[PDB]
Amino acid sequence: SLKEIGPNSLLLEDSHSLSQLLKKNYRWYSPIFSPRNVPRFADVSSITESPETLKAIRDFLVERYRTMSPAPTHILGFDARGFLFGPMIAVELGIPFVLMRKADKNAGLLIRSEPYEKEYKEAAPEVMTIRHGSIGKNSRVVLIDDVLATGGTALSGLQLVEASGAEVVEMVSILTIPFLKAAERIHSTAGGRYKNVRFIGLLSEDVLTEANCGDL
């Protein structure tokens, strides 16, 4: 079950078997063994290659949304790693899985997000899209991705769901990085417009040690 580590920011208790699976199976890589210049790149394939972990994520989130009232009407997953988790939840719930992608990967009439200006020498925000009408008015949308870091991607999702006239149920990630303070930042951004957005993480990055290091 989920514990509140900050206002509207919940984390799966570390005694839960999914939490232990994720701590056990997550693998991360240094810049020399990874595609991105971050000190710990959490490799999503360390989760998808572990049938027990993948199944535990699926079971956990499916039971969560089945017993949630009102029930979610849509899952919106973020290109590309959100694609790995969303469909397996959505297929059990009997609801649409919708794709958040860069405009040049997405088809149809689109809606684009409006990211904030980048911070010091920092990391270019990505403009993301959904198809117009993919999310109807008074939809209730679960947003999903593998990792919540700064929250920039998450915020694009929030902006697109709100632009569609819909409600965000919550933002779920497998891994969350408290040190980057995404929930806290999104919760005060734009005058507190997103204060009531619930963030769920399944594992904290602080829990990962060099026992999780995949480096050769």
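Numbering starts at 1 and follows the sequence shown.
- If you average the C-alpha B-factors over 119-127 and over 95-103, the higher value belongs to 119-127.
- If you average the C-alpha B-factors over 54-62 and over 33-41, the higher value belongs to 33-41.
- Among the modelled residues of its chain, residue 75 has a C-alpha B-factor that falls in the lowest third, as given in the PDB entry.
- Ranked by Cα temperature factor within the chain, residue 193 sits in the highest third according to the deposited record.
- For residue 154, the recorded CA temperature factor ranks within the lowest third of the chain's modelled residues.
- Residue 179: CA B factor lies in the highest third for its chain, per the PDB record.
- Among the modelled residues of the chain, residue 132 sits in the middle third by CA temperature factor in this PDB entry.
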